[PDB]
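Novice:
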Amino acid sequence: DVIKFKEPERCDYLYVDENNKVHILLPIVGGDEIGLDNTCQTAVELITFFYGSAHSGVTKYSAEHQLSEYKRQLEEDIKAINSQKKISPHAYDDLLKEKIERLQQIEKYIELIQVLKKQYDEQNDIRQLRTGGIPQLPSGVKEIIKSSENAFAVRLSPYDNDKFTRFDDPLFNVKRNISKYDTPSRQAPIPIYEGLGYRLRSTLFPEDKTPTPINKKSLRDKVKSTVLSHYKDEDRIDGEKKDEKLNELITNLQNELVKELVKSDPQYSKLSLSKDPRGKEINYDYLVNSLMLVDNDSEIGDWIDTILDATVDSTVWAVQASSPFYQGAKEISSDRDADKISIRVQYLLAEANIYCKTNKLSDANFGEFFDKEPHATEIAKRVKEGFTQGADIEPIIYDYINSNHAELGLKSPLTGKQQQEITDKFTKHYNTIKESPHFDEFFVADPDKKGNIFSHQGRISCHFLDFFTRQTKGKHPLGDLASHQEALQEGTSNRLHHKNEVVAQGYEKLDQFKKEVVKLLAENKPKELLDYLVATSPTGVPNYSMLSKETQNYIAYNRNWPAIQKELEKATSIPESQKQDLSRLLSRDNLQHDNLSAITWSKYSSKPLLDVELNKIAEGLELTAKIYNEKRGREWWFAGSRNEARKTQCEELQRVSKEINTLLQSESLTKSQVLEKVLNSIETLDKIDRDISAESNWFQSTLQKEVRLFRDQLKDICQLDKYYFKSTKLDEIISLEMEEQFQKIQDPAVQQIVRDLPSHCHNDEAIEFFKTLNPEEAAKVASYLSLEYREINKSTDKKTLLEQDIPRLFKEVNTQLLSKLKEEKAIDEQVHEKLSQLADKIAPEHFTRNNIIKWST
Numbered sequence: 008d009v010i011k012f013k014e015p016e017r018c019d020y021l022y023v024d025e026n027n028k029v030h031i032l033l034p035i036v037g038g039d040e041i042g043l044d045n046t047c048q049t050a051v052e053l054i055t056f057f058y059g060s061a062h063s064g065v066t067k068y069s070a071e072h073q074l075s076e077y078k079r080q081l082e083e084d085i086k087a088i089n090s091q092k093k094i095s096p097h098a099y100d101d102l103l104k105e106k107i108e109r110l111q112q113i114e115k116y117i118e119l120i121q122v123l124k125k126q127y128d129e130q131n132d133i134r135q136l137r138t139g140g141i142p143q144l145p146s147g148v149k150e151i152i153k154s155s156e157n158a159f160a161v162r163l164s165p166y167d168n169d170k171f172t173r174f175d176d177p178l179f180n181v182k183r184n185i186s187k188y189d190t191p192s193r194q195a196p197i198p199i200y201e202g203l204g205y206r207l208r209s210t211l212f213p214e215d216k217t218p219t220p221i222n223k224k225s226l227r228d229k230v231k232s233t234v235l236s237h238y239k240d241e242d243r244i245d246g247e248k249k250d251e252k253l254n255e256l257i258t259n260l261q262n263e264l265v266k267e268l269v270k271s272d273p274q275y276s277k278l279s280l281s282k283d284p285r286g287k288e289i290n291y292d293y294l295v296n297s298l299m300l301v302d303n304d305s306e307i308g309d310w311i312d313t314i315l316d317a318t319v320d321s322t323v324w325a326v327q328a329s330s331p332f333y334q335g336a337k338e339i340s341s342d343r344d345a346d347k348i349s350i351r352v353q354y355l356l357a358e359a360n361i362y363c364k365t366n367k368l369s370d371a372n373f374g375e376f377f378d379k380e381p382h383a384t385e386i387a388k389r390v391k392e393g394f395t396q397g398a399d400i401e402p403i404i405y406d407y408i409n410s411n412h413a414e415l416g417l418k419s420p421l422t423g424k425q426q427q428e429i430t431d432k433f434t435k436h437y438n439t440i441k442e443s444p445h446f447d448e449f450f451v452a453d454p455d456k457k458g459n460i461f462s463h464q465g466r467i468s469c470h471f472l473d474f475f476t477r478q479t480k481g482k483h484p485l486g487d488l489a490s491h492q493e494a495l496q497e498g499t500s501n502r503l504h505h506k507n508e509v510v511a512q513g514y515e516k517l518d519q520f521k522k523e524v525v526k527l528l529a530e531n532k533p534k535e536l537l538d539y540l541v542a543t544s545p546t547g548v549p550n551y552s553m554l555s556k557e558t559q560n561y562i563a564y565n566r567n568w569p570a571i572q573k574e575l576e577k578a579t580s581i582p583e584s585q586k587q588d589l590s591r592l593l594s595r596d597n598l599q600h601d602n603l604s605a606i607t608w609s610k611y612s613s614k615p616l617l618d619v620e621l622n623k624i625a626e627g628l629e630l631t632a633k634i635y636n637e638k639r640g641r642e643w644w645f646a647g648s649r650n651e652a653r654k655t656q657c658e659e660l661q662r663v664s665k666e667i668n669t670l671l672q673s674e675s676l677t678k679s680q681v682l683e684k685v686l687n688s689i690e691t692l693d694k695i696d697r698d699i700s701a702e703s704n705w706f707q708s709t710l711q712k713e714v715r716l717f718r719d720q721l722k723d724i725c726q727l728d729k730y731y732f733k734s735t736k737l738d739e740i741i742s743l744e745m746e747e748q749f750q751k752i753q754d755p756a757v758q759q760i761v762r763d764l765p766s767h768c769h770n771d772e773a774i775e776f777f778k779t780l781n782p783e784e785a786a787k788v789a790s791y792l793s794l795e796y797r798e799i800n801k802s803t804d805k806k807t808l809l810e811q812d813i814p815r816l817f818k819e820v821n822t823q824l825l826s827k828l829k830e831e832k833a834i835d836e837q838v839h840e841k842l843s844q845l846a847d848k849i850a851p852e853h854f855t856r857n858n859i860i861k862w863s864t
């Protein structure tokens, strides 16, 4: 007796634009703007899109299945709307239209995915994703990346490089060592002694083992150097005029602090060093005799230290943005450190190169220039210089670019604004990849520029149609989807919203409709209501097409109904077929009167599904283990030899993946089951990380950085509010914390009542009130609430006071009938006064003409 609308406001891979065009987006890599380099990255996204899982899963999470499910939900919603058409022909016409348009497009995309996989995969370009040991980007995808305007790969030169690069057309490329994977031992690479990478590494820490000092002093270290530049080693705050030298130093320090602050952030202009954060006045007595910190003849700097510590807040220090280059360390005192910075520098050059490419200033490969001499060595030197002096590293690089701006394919060098744009991107993106296992390559996207690459749901993606067109080589025409790619290009941005507002508005429009209906009834405006109900949409559909059990009752049982009924008869501007519709739907005295179904939609469809997200994690663990074992050679045979610790850890990853997988297989999944598996999985991953940490000895293990990533992902899942859950039992997307709150209602009859109630009755305060009731008290309240919109909070809501409020309203509503009957003379005064006493005790739904006739007899 309730219609539950099942089309979700969100679906993996599915974007719906403002003109209701369905766009499916094939993902290339996971991330926004930049995607991290991990053994499996590009793999996981594609594998999932095309097949639910590489193996050990159902086809449940593929694009085809997910779209087929979406398709089914629409068909259910359409069938439901149609069920209401028998009662009110216009019912939900706008929604029905929108839902049919999406249905038809969804169906077409599904055929294409079916077709592409069967007819146009003869070389096994898709298939290899799930079978081949190290999956490759498909051909279509590589073509899309090559031809892109807003997305590019950059290849870097870390010391321990990995030859299995996925991106074959980097914009930025530098010379790399011979990967350990091209050596027989497979344990360390063969270094090369030319190139930018070697020049940076060897310069920042040479084979003489002579460290490079990192002397960065700011901002307090800087201010203390500038203020002490004017003072001597000897002078104290002593002599006859001790308060005056103090006050001068406080003013001088104050001035220099606000001066270096505004340069960094002009917004801390009115700060005082003459009073502490409490509000008490800073003076000689206060620092020497009340706190005891600074004695008499204390040094100038210790006075400065203490003034600062007493007056300044802890937040302000370190307030200014920090370069990725300055991580805090004293000096570059090992090889590990040198590579961290080699890569940092390389990545900055990569980022500048990217800026210059997306902005059409150059088409060149900056790395092809900086690997050549003298440039390789000269930039490595200037950087080492810079670190010792503590200077800003970023401009050193920009200056050298400007110094050779023509050689790098630019007409003008980089402006000060352009330079800051680059620096800030470099900062954002480096911090994202700071803890990447690998630094071989990175795919970077710009969604604020036009091109063939997009950003949707935390995936960097291409249009599925672009990939399809290309994979089939133009053979299968798109039919009605042939204009769709264009349509998306024609958009405002390439950064697409994670949820689909067009769908969400479909429902919000219904909510808005009841809200108005509720308002106009409370303001007792029957003529405006009737006008609002016949008012049309741009498609000409009258507003009464959004009537449902809730609103139909609100009107039918209202005091303004007789006024509304009169307005209805006495009106000419409204066609008779709607004039009947309305009287049929809202006059309970009409013999053709029939009740519409109640209407609901999920309040949590816009959130990512728990199971979908877990699947991605399981899938990622499997892949990692698989491509890891496929990257070792020629040592496949048992056994270690220390083989087990590396190998039993990989067995441990699969164990987790299998377990998460079997967790998902279960229907009737509960908050506590999920939480329990997820922590037990987190702990296993934690032990693995711990086992590695001890072993050393000491080398940074890529696997450690990989398990950390997976643990974090699983930690994110424990915030179950951020996800929704498909209940297979009730076929609806719910929240596990709403089911918690519903379950916390003891008695099953009361609980069900509360569930069947409108959304306004599903808040926390309300369910507490309702659990102080019994099944008979509950149904009385339910009926009560169906008569006129009221909110139940704790305050002000009294169970007793409510049992006076119900009777009042029952009696008021039912009198409408009795007064009508005695005016008609359809009842004796015998039964009029007998019923008039009964009026406050009988639910209006049961207080009807037939019932009275039956009742008297």
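Residue numbers for the sequence shown follow the authors' numbering, so the first one is 8 and each next one is one higher.
C-beta: ideal position from N, C-alpha, C; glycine also.
Return the CA-CA distance between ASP618 and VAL714, expressed in angstroms with no decimal places.
Specialist: 20 Å
Novice: Would you call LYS480 buried or exposed, if buried means 16 or more other Cβ atoms sit within 10 Å of its Cβ?
Specialist: exposed
Novice: Excluding the 5 residues flanking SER675 on each side, which residues of the same chain have their C-beta closer than 6 Å to its C-beta?
Specialist: Nothing listed; no residue qualifies.
Novice: Relative to the alpha-carbon of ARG343, which residue among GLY458, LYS216, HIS600 has its alpha-carbon at the smallest distance?
Specialist: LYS216
Novice: Excluding the 5 residues flanking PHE854 on each side, which residues of the same chain have their C-beta closer than 6 Å to its C-beta?
Specialist: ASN821
Novice: By alpha-carbon positions, which one of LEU81, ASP39, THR66 ends up nearest to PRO15?
Specialist: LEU81
Novice: Just tell me which of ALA325, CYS469, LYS182 has its CA closest to the CA of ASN157.
Specialist: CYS469
Novice: So, at 6 Å on beta carbons, what are the nonlocal neighbours of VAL65 in its own chain, with the 5 sequence-adjacent residues on each side left out?
Specialist: Cβ contact annotation for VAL65 (same chain, cutoff 6 Å, sequence separation greater than five): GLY59, in chain order.
Novice: With a threshold of 16 other CB atoms inside 10 Å of the CB of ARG697, please say whether the residue is buried or exposed.
Specialist: exposed
Novice: Let me check understanding here. Comparing Cα to Cα, which of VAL352, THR219, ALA383 lies closest to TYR200?
Specialist: Among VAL352, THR219, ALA383, the Cα nearest to that of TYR200 is on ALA383.
Novice: Using a threshold of 8 Å, state whether the C-beta atoms of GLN143 and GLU71 are closer than that.
Specialist: No.
Novice: Can you list, in chain order, the residues of its chain whose CB lies under 7 Å from that of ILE624, leaving out five sequence neighbours each side?
Specialist: Within the same chain, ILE624 has close Cβ partners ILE667, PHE717, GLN720, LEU721.
Novice: Would you mind reading off the limits of the alpha helix (DSSP H) that contains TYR514?
Specialist: 508 to 529
Novice: Would you mind working out which of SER281, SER612, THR546, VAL265 sits nearest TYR275, comparing C-alpha positions?
Specialist: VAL265
Novice: Kindly indicate the opening and closing residues of the alpha helix (DSSP H) around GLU16.
Specialist: Here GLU16 belongs to no alpha helix (DSSP H), and DSSP marks it neither H nor E.
Novice: Relative to the C-alpha of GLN837, which candidate in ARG595, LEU825, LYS848 has its C-alpha closest?
Specialist: It is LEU825 whose Cα lies nearest to the Cα of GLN837.
Novice: Compare the C-alpha of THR807 against each of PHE776, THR558, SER793 and name the closest.
Specialist: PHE776
Novice: How many Å lie between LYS787 and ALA850 at the Cα?
Specialist: 7 Å
Novice: Report buried or exposed for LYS391, applying the criterion of at least 16 other Cβ atoms within 10 angstroms of its Cβ.
Specialist: buried
Novice: Do you know how far the Cα of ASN180 is from the Cα of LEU32?
Specialist: 28 Å
Novice: With H, G and I counted as helix, E and B as strand and the rest as coil, what does DSSP make of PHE471?
Specialist: helix
Novice: Using DSSP with H/G/I as helix, E/B as strand and the rest coil, what is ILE760?
Specialist: Helix.
Novice: Among the residues of its own chain, which have a CB less than 7 Å from the CB of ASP447, if the five just before and after it don't count?
Specialist: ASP44, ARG162, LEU163, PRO165, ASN168, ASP169, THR172
Novice: By how many angstroms is the C-alpha of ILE348 removed from the C-alpha of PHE332?
Specialist: 7 Å
Novice: How about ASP132 and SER154: do their beta carbons lie closer than 8 Å?
Specialist: no
Novice: Less than 8 Å between C-beta atoms, sequence neighbours within five positions excluded: which residues of the same chain meet that for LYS638?
Specialist: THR46, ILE141, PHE171, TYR188
Novice: Note the first and the last residue of the continuous beta strand (DSSP E) segment covering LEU144.
Specialist: No beta strand (DSSP E) contains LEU144, which DSSP labels as neither H nor E.
Novice: Run through DSSP, which three-state label would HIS30 get?
Specialist: strand
Novice: For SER708, which option in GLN496, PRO444, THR210, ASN262 has the closest C-alpha, if you only look at C-alpha atoms?
Specialist: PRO444
Novice: Based on DSSP bridge pairs, tell me the residues matched to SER462.
Specialist: Within the DSSP bridge table, the entry for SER462 names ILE467, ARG502 as partners.
Novice: Contact check, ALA494 vs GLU40 under 8 Å by CB: the rounded distance?
Specialist: Not quite, the Cβ-Cβ distance comes to about 24 Å (not below 8 Å), so this is no contact.
Novice: Quick check on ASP169: does DSSP put it in helix, strand or coil?
Specialist: The three-state reading of DSSP puts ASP169 in coil, since its state is none of H, G, I, E or B.
Novice: Kindly indicate the opening and closing residues of the alpha helix (DSSP H) around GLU82.
Specialist: Boundaries of the alpha helix (DSSP H) harbouring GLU82: 70 to 92, taken from the DSSP string.
Novice: Leaving out five residues on either side along the sequence, give the residues of the same chain with a beta carbon under 8 Å from the beta carbon of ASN27.
Specialist: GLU105, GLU108, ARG109, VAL509
Novice: Using C-beta distances below 6 Å, list every residue in its chain close to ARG649, excluding the 5 sequence neighbours before and after it, in chain order.
Specialist: none
Novice: Can you tell me the Cα-Cα spacing of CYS363 and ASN459, whole angstroms?
Specialist: 18 Å
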